[PDB]
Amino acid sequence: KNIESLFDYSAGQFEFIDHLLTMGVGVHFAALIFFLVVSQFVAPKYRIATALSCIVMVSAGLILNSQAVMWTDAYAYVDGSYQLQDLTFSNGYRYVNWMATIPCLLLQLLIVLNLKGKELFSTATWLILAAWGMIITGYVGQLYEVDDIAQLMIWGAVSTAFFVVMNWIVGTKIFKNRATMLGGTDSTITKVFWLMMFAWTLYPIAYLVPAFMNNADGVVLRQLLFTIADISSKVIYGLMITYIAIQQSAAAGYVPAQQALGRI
C-alpha cells in the first residue's frame, strides 16, 4: 500500500537508508543521556520539561530502531538488487508515534512558557486534539499513497488545515507569554517557534513524495527528509527547550542551575 513496496533498491540505496535510520537510533539515544544528566540542574517547576524529552527520545529511538530492523527484515540481496521478501516495510509507526511524540513536545514548550494550572491544562487539551488531528488525517492518505493519489492530496489538505490551525495556538501562546519568561529567554523562545516551523514542513514535503517523485530515489528522499525532521522537532527543539529551563531556573534562584551555567 506504500510506495516503498513498489521498487527494488540499489545496494547503495538500501545501505544509505539503513545507515540513515541507524545514525537515528544513535542520536536519539546519545541525546537521551544528555537530557538525563543535566536534569539535576533544572529547578523543580521546569524539571519535567527535561524529562518529557527523554520520552520523545525513547519513543523515537525505539520506533526508529524498529524501522531499521524492519528494513533489513523486509529486503534481501537477490540477482543484483535488494528485493522485497516475505515481510514488508512501511512508515506507519512513525505517525503512530507522531501521535504521541508531540503531546510531550508542546507540553515541554508549554512548561517553559510558564503556564500553570488551568490555562496549562486547557491549552494542552486543545493542542493534543488538533495535533492528533493533523497526525491521523495525514495517516489516512499515505495509506492511499499508491492506490489513490487524490486521497493523498485530499487527506493531505485536511491534515495541513490542521497544521495551519495548530501553529496558531502555539504562535499565540508564545507571543502572549514571552513577557513571563526569565533570564533572557523571552528572546530565545521566539527562535524555537521558528526552529519548529521548518522541521514540520519538511514532513509535508515528505508527504507529497509519491505525488512528485514515485521512484526509488524518492523513497530515499523521504527517509532523508525523515532523519532531519527528527534532529529538529525531536533532538533540537529538545536541547533548545532544555537551555531555556536551565536559564530560567538560574534566573529564579535555583543554585545548581546557577552553578551549572557558571561552570561553562
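Just count from 1 along the sequence shown to find any residue number. Throughout, rigid core stands for the largest set of C-alpha atoms superposing within 1.5 Å between the two forms.
Taking the root mean square of CA deviations in 7 other deposited structures of this protein after fitting on the rigid core, 84-92 and 117-125 differ, and the farther of the two is 84-92. The deposited model assigns a higher average Cα B-factor to 115-123 than to the other stretch when 115-123 and 132-140 are compared.
In the PDB entry, the Cα temperature factor peaks, among 161, 96, 182, 106, at 182.
Among all modelled residues in its chain, residue 250 ranks in the highest third by Cα B-factor. Per the deposited record, the Cα B-factor of residue 215 falls in the middle third when ranked against the other modelled residues of its chain. When the CA B factors of the chain's modelled residues are split into thirds, the value for residue 48 lands in the lowest one. Ranked against the other modelled residues of its chain, the C-alpha B-factor of residue 34 as given in the entry falls in the highest third.
For residue 149, the recorded CA temperature factor ranks within the highest third of the chain's modelled residues.
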